[PDB]
């Protein structure tokens, strides 16, 4: 019932960059940088506070795969996640912004 959950469940399309049994990455429809990707856990979790360390290890691994696929790994990129509406979170599913440019 939420925009990223809809993507996970395949209700709405996206520009998929990379996908894993536990994670999914895709382009942001309103880019804030030359390359702007989003990395999300397929599991239903709302923000960074609700991710286990074990899973963030696997996400870190997945993040390296994304930035390397995008070819910005060595050029340089920003890693960002907003925890809660007061820190600017708009969609309530854990997601990391990857920007480079």
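Residue numbers count along the first chain shown, from 1.
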### Query
So which stretch wins on mean C-alpha B-factor, 76-84 or 11-19?
11-19
### Query
If you rank the chain by CA B-factor, which third does residue 29 end up in: lowest, middle or highest?
highest
#### Entry: Chain-wide C-alpha B factor ranking for residue 51, given as lowest, middle or highest third
middle
#### Entry: CA B-factor placement of residue 57, once the chain's modelled residues are sorted into thirds
highest
### Query
By its CA B factor, does residue 1 count among the lowest, middle or highest third of the modelled residues in the chain?
highest
